[PDB]
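So you can see what is in the structure, the chains are spelled out below.
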Amino acid sequence: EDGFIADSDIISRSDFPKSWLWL
Amino acid sequence: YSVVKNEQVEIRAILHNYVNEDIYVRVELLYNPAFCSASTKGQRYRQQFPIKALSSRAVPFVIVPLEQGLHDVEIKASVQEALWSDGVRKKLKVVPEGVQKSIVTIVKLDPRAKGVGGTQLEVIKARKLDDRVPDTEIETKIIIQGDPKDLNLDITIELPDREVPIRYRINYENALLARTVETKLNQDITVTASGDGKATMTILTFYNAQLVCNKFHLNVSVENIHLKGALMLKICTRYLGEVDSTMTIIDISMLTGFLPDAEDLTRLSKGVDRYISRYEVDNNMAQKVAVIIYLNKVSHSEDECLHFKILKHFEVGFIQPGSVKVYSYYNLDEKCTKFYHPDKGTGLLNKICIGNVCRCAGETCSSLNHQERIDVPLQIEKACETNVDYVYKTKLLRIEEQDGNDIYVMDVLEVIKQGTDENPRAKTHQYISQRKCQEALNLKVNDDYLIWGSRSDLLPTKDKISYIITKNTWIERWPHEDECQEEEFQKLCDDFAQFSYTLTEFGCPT
Amino acid sequence: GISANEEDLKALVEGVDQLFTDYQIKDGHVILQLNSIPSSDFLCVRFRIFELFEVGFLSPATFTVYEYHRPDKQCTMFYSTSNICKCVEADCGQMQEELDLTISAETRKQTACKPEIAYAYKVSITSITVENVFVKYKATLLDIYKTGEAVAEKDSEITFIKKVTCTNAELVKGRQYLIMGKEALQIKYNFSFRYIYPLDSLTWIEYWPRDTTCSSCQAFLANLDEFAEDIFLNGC
Amino acid sequence: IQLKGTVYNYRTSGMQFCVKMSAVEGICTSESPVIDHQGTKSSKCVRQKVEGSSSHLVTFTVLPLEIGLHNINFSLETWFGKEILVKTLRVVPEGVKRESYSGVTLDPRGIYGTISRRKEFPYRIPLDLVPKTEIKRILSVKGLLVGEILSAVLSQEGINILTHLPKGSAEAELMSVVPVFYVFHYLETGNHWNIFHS
Ligand SMILES: *[C@@H]1O[C@H](CO)[C@@H](O[C@@H]2O[C@H](CO)[C@@H](O)[C@H](O)[C@H]2NC(C)=O)[C@H](O)[C@H]1NC(C)=O
Ligand SMILES: *[C@@H]1O[C@H](CO)[C@@H](O)[C@H](O)[C@H]1NC(C)=O
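Calculation notes
- Each chain's residues are numbered sequentially from 1 according to the written sequence, a convention that need not reproduce the entry's numbering, and residues without coordinates are excluded.
- Naming scheme: in the order in which they are written, chains are lettered from A and ligands are numbered from 1.
- Note that the chains on view sit within a larger assembly, with every value limited to the chains on view.
- Here the side-chain values reflect all heavy atoms present in the structure, with hydrogen atoms and water set aside.
- To qualify as a helix, a DSSP run of H or I must reach at least 4 residues; to qualify as a strand, a run of E must reach at least 2; elements of each kind are numbered from the N terminus.
- When accessible area is computed with a 1.4 Å probe and restricted to protein chains, residues below 20% of their type maximum are described as buried, those above 50% as exposed, and intermediate ones as partly exposed.
- Residue contacts follow a heavy-atom distance rule, with two residues in contact if any of their heavy atoms lie within 4.5 Å.
- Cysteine sulfur atoms are paired as a disulfide whenever they fall within 2.5 Å.
- UniProt positions are given in the numbering used here, feature names are shortened, and annotations may be inferred rather than shown by experiment.
- For the purposes of these results, a polar contact is taken to be a pair of N or O atoms within 3.5 Å, where, inside protein, one atom must be able to donate a hydrogen and its partner to accept one; residues adjacent in sequence count only when each atom of the pair is a side-chain atom.
- Take a side-chain nitrogen of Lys or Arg and a carboxyl oxygen of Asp or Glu: if they are within 4 Å of each other, that pair is a salt bridge.
- For this purpose, a residue is taken to be near a molecule or strand whenever a single non-hydrogen atom of the residue falls within 4 Å of it.
- Accessibility throughout is a Shrake-Rupley quantity obtained with a 1.4 Å probe, and a residue counts as covered only by protein chains that appear here.
- When DSSP finds two or more bridges between a pair of strands, those strands are recorded as paired.
- Once two parts are joined, some of their accessible surface, as seen by a 1.4 Å probe, is lost; buried area is that loss totalled over both.
- Each residue gets one label: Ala, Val, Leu, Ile, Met, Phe, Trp, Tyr, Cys and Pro are nonpolar, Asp, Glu, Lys and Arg are charged, and the others, such as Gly, are polar.

Per the deposited record, determination of this structure is attributed to X-ray crystallography, with the resolution reported as 4.300 Å.

By the naming in the PDB entry, chain C is Complement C5, taken from Homo sapiens.

Under the PDB entry, chain B has the name Cobra venom factor and belongs to Naja kaouthia.

Moving on to the environment of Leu 76 of chain D. Residues and elements named next belong to chain D. For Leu 76, the position within the fold is in strand β5 (residues 72-78). Classification of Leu 76 as buried rests on a relative accessible area of 12%. Each C-alpha atom, one on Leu 76 and one on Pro 126, is 46 Å from the other, the two residues being 50 residues apart in sequence. Apart from the residues within four sequence positions on either side, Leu 76 is in contact with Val 7, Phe 17, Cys 18, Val 19, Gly 81, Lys 82 and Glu 83.

Residue and element names in this part refer to chain C. A sulfur-sulfur distance of 2.0 Å separates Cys 92 from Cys 166, so the disulfide listed by UniProt for this pair is formed here. One end of the pair, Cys 92, is in the loop between β6 (70-79) and α2 (102-105); the other, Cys 166, is in the loop between β9 (157-161) and β10 (176-181), and 74 residues separate them in sequence. Checking the UniProt disulfide annotation for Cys 214 and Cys 217 gives a sulfur-sulfur distance of 2.0 Å, short enough (under 2.5 Å) to count the bond as formed.

Our focus in this paragraph is the side chain of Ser 43 of chain D. Position of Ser 43 of chain D relative to the elements: it lies in the loop between β2 (15-21) and β3 (48-50). For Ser 43 of chain D, a relative accessible area of 14% puts it in the buried group. A polar atom in the side chain of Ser 43 of chain D sits 2.6 Å from the backbone oxygen of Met 21 of chain D. Beyond its immediate sequence surroundings of up to four residues, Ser 43 of chain D is in contact with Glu 81 of chain B together with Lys 20, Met 21, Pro 33 and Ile 35 of chain D.

Right, let's get into the pattern of salt bridges. Residue and element names in this part refer to chain B. Inspection of every chain in the model, using the stated rule, returns 47 salt bridges over all chains. Between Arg 267 and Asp 264 there is a salt bridge, with the nearest N and O atoms lying 3.6 Å from each other. Here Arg 267 and its partner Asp 264 are both found in helix α1 (residues 262-269), 3 residues apart, which amounts to about one turn of the helix. With relative accessibility at 40%, the residue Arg 267 sits in the partly exposed group. A salt bridge links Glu 414 to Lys 393, with the nearest nitrogen and oxygen atoms 3.7 Å apart.

In the region of ligand 2, the neighbouring residues are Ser 22, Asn 71 and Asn 73 of chain D. In the complex, 39% of the free accessible area of ligand 2, which totals 380 Å², lies under the protein chains.

Turning next to the sheet that holds β9 of chain C. Strand pairing in a sheet takes place through backbone hydrogen bonds and is either antiparallel or parallel in direction. All names here are of chain C. With mixed pairing, the 7 strands of this open sheet are ordered in space as β11-β12-β9-β8-β7-β10-β13. Two strands in the sheet have a free side with no partner beyond their single neighbour: β11 (186-187) and β13 (205-207). Relative to β10, strand β7 (residues 119-131) runs antiparallel, the two sharing 6 bridges. Across the sheet, the residue bridging to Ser 124 is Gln 176, located in β10.

Residues and elements named next belong to chain B. In this structure the UniProt-annotated cystine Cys 384-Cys 508 is intact, with an S-S distance of 2.0 Å. In this pair, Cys 384 is assigned in the loop between α2 (376-383) and β30 (390-402) and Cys 508 in the segment after α4 (487-504), connecting sequence segments 124 residues apart. A relative accessible area of 15% places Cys 384 in the buried class. The sulfur-sulfur separation between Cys 484 and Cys 493, a disulfide according to UniProt, is 2.0 Å, below the 2.5 Å limit, so the bridge is formed here.

Time to look at the interface of chain D and chain C. Taken residue by residue, the interface counts 26 residues in chain D and 28 residues in chain C. The junction of chain D with chain C conceals about 2,400 Å² of combined surface from both sides, 62% of it contributed by carbon and sulfur atoms. Where chain D packs against chain C, one counts 1 salt bridge. Inspection of the region where chain D meets chain C yields 8 residue pairs in polar contact. Of the residues that constitute the side of chain D that touches chain C, the class distribution is 12 nonpolar, 6 polar and 8 charged.

Moving on to the environment of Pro 33 of chain B. Residue and element names in this part refer to chain B. Along the chain, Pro 33 turns up in the loop between β3 (23-29) and β4 (35-37). For the pair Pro 33 and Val 62, spaced 29 residues apart in sequence, the C-alpha to C-alpha distance is 14 Å. The residues contacting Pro 33, other than those within four sequence positions of it, are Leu 66 and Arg 359.

Here's what the structure looks like:
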């Protein structure tokens, strides 16, 4: 343990569209 | 794209380290209740291990979805002593099995040619079905557009759905217009085309019908011989068309903390018929956690079979089942995949099932926590816990039999930590667990028990609330009032009475 | 850690009132040259400096001048810029003060017959010198117990050195100390042979006082005199 | 000492980074951050942020014990990769000086006033000596009455210092030619170029 980073601090990647920024 | 309610499936994560300095890294899966997964509401399934440079490591995660619709799968992973870290929540589609199917029907609207007083009564009986699946989706789009001239159509649309029916008008201004209205229940439709012009109605309907694992026979077995720890992997398979299967693929996940025996793997690799991608070797172990095996053909004749040794590194935690997956080039939709685990026959991880309804199991059995002298402050710490929806005291009426699942029937007595159930002592409770845990729970009829679990382990039953006893639902013997006088017991009589009065009549410390 | 100010230097040389004829900033020194340093009185360079970065304890350094075609006529002198937690505690040497810790005062000086310590013995201090970091301790040698190679002459006067970075290793002038010297430096300096001992860790330090008894004093002493008689006679 | 360092970030927005330095036998570190894991000995993980298009700063407070101990792997990981920058630290005693009037001309068959076949170079520890600071002695044998020079023109390959008086004057640049030259005037005038196997 203690050899890593705190889950509370790791923020998962959660946003994956395929096409965005339709402007 | 999709998996199905109550299938056992492996999802395969890859971890990439596009760096140098070889790394030690930690990969946790998360707990989500819609899943019987390697992980539990308390203990997350984690693995610590190393990866080289520019390098890559396959991590399997075995899971059975239970609730359906979209549900989140979250993996997180951090590198020992460094910045590097990453997480991923990807939503996942759980559907009811059965396949999509479309039935289109098309009525003509021509009040001048068909209707009575320029008024045409068209009805469409709910199209017969039932190659269907019960309580499944059903999507009907209803779709009118006028035919081009001078048309004028008043049009009515009625369904049991609601009383206030829809009404459209069509003329030369919008003849060519999208007149769509949809409903998610097939039922008698009632179009009333009163007018003059012509118009096209298309009722388009959708629903799921149906008639896993063909193409290949596939046994997979595994078990010990002694050297860090060891066991043997054996894979059996056979196409069944009229002729040898061309160019097939064998797909393997390693049980957690396991690696293929360099020697043996090499012994298979030698062939004008079997090929294994190059692979790192250290201490006689191959660094694939996922070994694919490309062979040139496979009989429809005799069970073609092979085998290799698999070794351990760290005994860590639960040992996640392993996948084996056969698939032919000419058939890459081959869903012929099967699991293995030393002490799990099928290899399918533990779950409890009643009807359609499924729920977790811990896999590891659940012993009735026994303890003679109770630390009231501590005990109240335990039972006063984020993940504990309720604490009842409760007398165990019947013990019954249902599909290898014992239902210990409970009636609730005192309500210590008030549940979510507006009123537990009211309607009886059903505490269910597999036969396997019979002796280690060791319940008895007519005894009282402090029980306290989590809402997580509820199981939607037909007007009776049931839970499943987990490596997380805690039960204990509440010595009866008579038993009170006794020596074995006076003490418990006390500890309880005091813990009880305390919790039931004041919140949680912090 | 102290960088000079090249610019101040420049002017001392470039101008046609040139005081010198070439300043070089070289790997730590500010090497100037010029035609003649006078004798009728002095001659004086001067220039700004700053803290390139924070240093600890900075050992002071050298200033030195000499004739090009006769370095034989040097003259060097040290100097510094301004005199005088756990890491700070460099492991140099270690005294241990509390007269009579019983843990130790009575333990076998099994450390003494340990092959490492060559020279252990009682002696009192006499002189405390300190120049240019040097902290030297002219001690007069009493009760020897164990002689190694370089046999202290009993009557002669040893020297103990350790510099001001150390704080345990601080002795009382004229206060009798047992010491357990693990480092020797026998220097046949022609006339005779004086040894200089250093003052390392793994070394030992302890004290009893003289002049007259002192109540709690005769407790420790019991042990000192004890192990003394023991090993001198022969504990080994 | 307090080693200063600076991390620059040239890129668009902001960027975070770790700077950990490997410790070495002879350099107390002040923290027990030694943390060895999977074969690796390094410092705790900082975790600094550096502003967009800017620069952040870095310090390591350290002090050495072994005289002249060297070399420090200094690493920086960033959302892009790892840099191992390698330094070497230099460490030193306190007031230096070198006696050397030692030497001999050995000549067996007494071709020069006398035969000379032996010489002892005693071991003189100079009294004011700094403590725990090995007395260092450099030995040199060489070929002819001219050897040392030869060996100095060919050796280390540089127009060596072969003296010690600061580069200042012109005389100094001229000296830069003296060894080369006399080695030549010898090498050629005696006719000796065979000497080099090369
Ligand atoms: C997988 O497991 C079973 C049990 O070990 C095997 O059982 C036999 O099946 C074969 C043909 O596949 C029959 O001819 C035998 O008669 C069976 N056993 C008995 C009772 O005689 C089975 O072969 C395995 N599957 C494959 C296809 O490899
Ligand atoms: C520093 O790294 C180099 C190459 O980057 C390696 O060969 C060496 O062993 C390392 N030294 C130290 C002080 O850790």
